[PDB]
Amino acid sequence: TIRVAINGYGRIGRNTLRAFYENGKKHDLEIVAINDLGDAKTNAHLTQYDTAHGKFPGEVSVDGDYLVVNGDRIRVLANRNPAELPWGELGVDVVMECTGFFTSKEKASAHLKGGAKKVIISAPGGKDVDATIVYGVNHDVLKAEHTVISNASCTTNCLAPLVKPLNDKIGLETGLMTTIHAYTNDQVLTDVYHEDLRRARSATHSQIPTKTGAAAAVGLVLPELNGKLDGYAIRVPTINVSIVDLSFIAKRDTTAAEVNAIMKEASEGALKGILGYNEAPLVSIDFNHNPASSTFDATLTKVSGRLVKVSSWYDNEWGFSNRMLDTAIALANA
């Protein structure tokens, strides 16, 4: 049994906890601490009530310094410097770093200085990171000597399972991705200063093109694809749920019907759970609270000669959060 701490009890921080309980505690861990900026009442409140995901099924409360979820008691800290955190005393095996501010191995290591054994960055890591994992694809690579890994991005986790079966059973020369993405909290309501002049613009009124390493990053979860994929994102005005739209050059001739079939039985077999399959006439909100990393949408496949276009829907919060649990385990028992 593994002992976990969450640093950053925000969209990904909390939804990892919510997914831990909504699953039924199958994952052989315990969440023992939780770090954010606010008091325990604040965290208790945001755990019980959510816009995107509704009210939390079970029972939540506070006990002075402790958040209590379905009987389990969880300490609530509010120290912004992770170096001075009591991870040693709590005897934490894995700190989930979900604040967005410590994404390099340099910065994330504060948790090792604090006294935690390992750390999972809820995001793409710095070049210096021990590893970058997309669970269900390359989680094998993990060794006990890995102390500071990355869990990739929500996009990367969606793209990897879409492309692997099509590269294996058809072959891809080159591919270009557009992901159309729900807005996130790094964006703004009405135009204000931001490091990126596009993310400086109102997220609720525009399509905002934005950079993302997701396509290239797949390159180094499936090394055989290294340097063969690029892409970018368009943020649109929705609260949650994204889609990946991949165009690629097939090595040989193919058809829509066949592309779909490869993806179908990929979802029914070796990628089951991770990769979903859809033929129904659904829209983005129908995948809200779907725990798949990637739900491929057969209804949108289009093939024109050697050029193939495929799409997959992903709950960028819920999909990614369920994988944070999976990858926490894998990392602890390497």
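So that there is no doubt, residue numbering starts at 1 and follows the sequence shown.
J.: Regarding 164-172 and 199-207, which shows the higher C-alpha temperature factor on average in the entry?
T.: Higher mean C-alpha B-factor in the PDB entry: 164-172.
J.: I need to verify one thing: averaged over C-alpha atoms only, is the B-factor higher for 255-263 or for 230-238?
T.: If you average the C-alpha B-factors of 255-263 and of 230-238, the larger mean comes out for 255-263.
J.: Have a look at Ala214, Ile180, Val141, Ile249 and flag the one whose Cα has the highest B-factor in the entry.
T.: Result of the comparison over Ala214, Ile180, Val141, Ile249: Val141.
J.: Going by the entry, which of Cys154, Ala116, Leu189, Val244 has the most elevated CA B factor?
T.: Comparing C-alpha B-factors across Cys154, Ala116, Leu189, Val244, the top value belongs to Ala116.
J.: Against its chain's modelled residues, does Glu268's Cα B factor rank lowest, middle or highest third?
T.: Answer is middle: the recorded C-alpha B-factor places it there.
J.: What third of the chain does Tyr277 rank in for C-alpha temperature factor, lowest, middle or highest?
T.: Within its chain, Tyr277 is a lowest-third residue by C-alpha B-factor, going by the deposited values.
J.: Name the third of the chain's ranked CA B-factors that contains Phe56, choosing lowest, middle or highest.
T.: Middle third, going by the recorded CA B-factors of the chain.
J.: Can you tell me which third, lowest, middle or highest, the CA B-factor of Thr42 falls into for its chain?
T.: For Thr42, the deposited C-alpha B-factor lands in the middle third.
J.: According to the PDB entry, is the CA B factor of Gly64 in the bottom, middle or top third of its chain, that is, lowest, middle or highest?
T.: As the PDB entry reports it, the C-alpha B-factor of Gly64 lands in the highest third of its chain.
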